[PDB]
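Quick setup: one chain, the form deposited in one PDB entry, written in C-alpha cells, and binding and motion questions come after.
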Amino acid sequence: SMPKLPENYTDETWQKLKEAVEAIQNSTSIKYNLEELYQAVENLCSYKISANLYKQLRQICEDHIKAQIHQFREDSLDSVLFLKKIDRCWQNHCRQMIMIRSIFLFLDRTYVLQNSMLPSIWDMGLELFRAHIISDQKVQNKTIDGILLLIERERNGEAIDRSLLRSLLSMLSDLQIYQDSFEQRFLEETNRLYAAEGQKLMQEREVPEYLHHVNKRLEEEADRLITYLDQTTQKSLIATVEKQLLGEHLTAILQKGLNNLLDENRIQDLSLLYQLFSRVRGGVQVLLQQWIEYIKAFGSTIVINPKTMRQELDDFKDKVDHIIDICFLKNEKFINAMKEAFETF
C-alpha cells in the first residue's frame, strides 16, 4: 500500500533512466543533465521499492547483452579476429556497466539492500555477461581454443599479441571462470606439449644442449606467467614443466651425459645441472647416487689400468673437490658420498 512518487505522470521518472541507459548502451548522447538522473534514482528508491528498480535495470541490461550474442555466429571467422571481437564486446560491456553504476550508485549503496543477497550492480553485469555470452558452448569453445592456440604458437617461436591474451584471461578471472574453462585445459595442453618435447629433445640433443634448453623453457614459462597468466597458475605450471622436462628424465640424463661432463671437467654445465636437478623431488638424490657410481668406477680403473697411482688419485681428488665446491655449492652430502666411495678403493 505504497505512496505515489512525485512526477508529472506515471513512469516519467523511470523513463528518463531507461532512455539514459539506452544512450549508454548505444554510445550516443545522454539527453538529460546528470543531477536529474541521480535524483530520479533517489526518488525511485525512496517512494518505491529498491529491489524493483534493481529488477528493472537488470532486465534492460539483460536485453542488451542477450542481443550481443549474434555477432559471434559469423563463423568460420579467423581465430584472432574472433578473439578481438570478444575483447571489444567485453570492453564495451565494462564501460557501459561502470557508467550505469555511476548513475545508480545510490541503489548500490542503499542501507535497505545492505543485507540483501542481490549482487552489486557491477557483479550483476558480470553474471549477465557470463550467462549470455561467454557461457554459450560455441562461443566458449572458440574463445578458449583461440587462447590456447595463441599460447601454443608462442611456445613454437611465433610472435603473438600478449596484450590481447592478458585482457582475455583477465576477463575470465573477473567472470570467475578462469579455473573451470581455461586453466585445466591449459595445464592439460602444457603437460602434453612438454611430455612430447622432453622425449623428442632428449634423443636429438646432447645433455649440455638439453639442459640449456630446459633452463630456457623454465625462464620462458615464468615470463608467460608474469606477462599474461594468473598467479594462481604458477605452481601447477612450473611443476608441469619441471616434471616433463626433468622429472621424467633424471636418470636418463645422468646415464647419457654425467660421465662426459665429469671426465671433460665441464664446470658451467655441471653447475647448471645441479641448479636444475635441485628444482625437482629426487633430483639431487639421483645425482648423488650416480656421483658415487662415477667415483667408484674411477678407482677400479686406477688399480686395474694405472704414470703413478698416488698422483692419478690426487689429480682426481682435486678435480672432484673443485666440482663439489663450485658446481654443488659445498654440499656436505657429496663430500661424504665421495669419502665413502673412496673407501671402496
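Shifts are known only where both forms have a C-alpha. Note that the rigid core is defined as the largest set of C-alphas that superpose within 1.5 Å between two forms. Numbering starts at 1 and follows the sequence shown.
A second form of this protein, the form deposited with a partner chain bound, is not displayed here; the remarks below concern that form.
Q: In the deposited bound form, does every one of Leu149, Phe182 and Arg192 come within 4.5 Å of its partner chain, counting any heavy atom?
A: Contact check failed for every one of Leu149, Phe182 and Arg192.
Q: Is there a non-hydrogen atom of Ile304 within 4.5 angstroms of a non-hydrogen atom of its partner chain in the deposited bound form?
A: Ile304: contacts its partner chain in the deposited bound form.
Q: Does its partner chain get within 4.5 angstroms of any non-hydrogen atom of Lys317 in the deposited bound form?
A: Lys317 belongs to the contact set for its partner chain.
Q: Considering only heavy atoms, tell me if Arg310 and its partner chain come within 4.5 Å of each other in the deposited bound form.
A: Yes, contact at 4.5 Å.
Q: Shifts of 2 Å or more at the CA atom, core superposed, between this form and the one not shown: which of the listed residues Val112, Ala159, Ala196, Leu81 is the one?
A: Shifted by 2 Å or more: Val112 only.
Q: Having a change of 3 Å or more in the C-alpha distance between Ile24 and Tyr111, I'd like to know whether it is closer or farther in the deposited bound form than in the form here.
A: Between the C-alphas of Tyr111 and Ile24, the gap narrows in the deposited bound form (3 Å or more compared with this form).
Q: Taking the cut-off of 3 Å or more as given, in which direction does the distance between the C-alpha atoms of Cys61 and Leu113 change in the deposited bound form, closer or farther?
A: It is farther: the C-alpha separation of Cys61 and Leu113 rises by at least 3 Å in the deposited bound form.
Q: Sticking with residues common to both forms, list the runs of three or more in a row where every CA moves 2 angstroms or more between this form and the one not shown, core superposed.
A: The runs that move are 111-114, 307-309.
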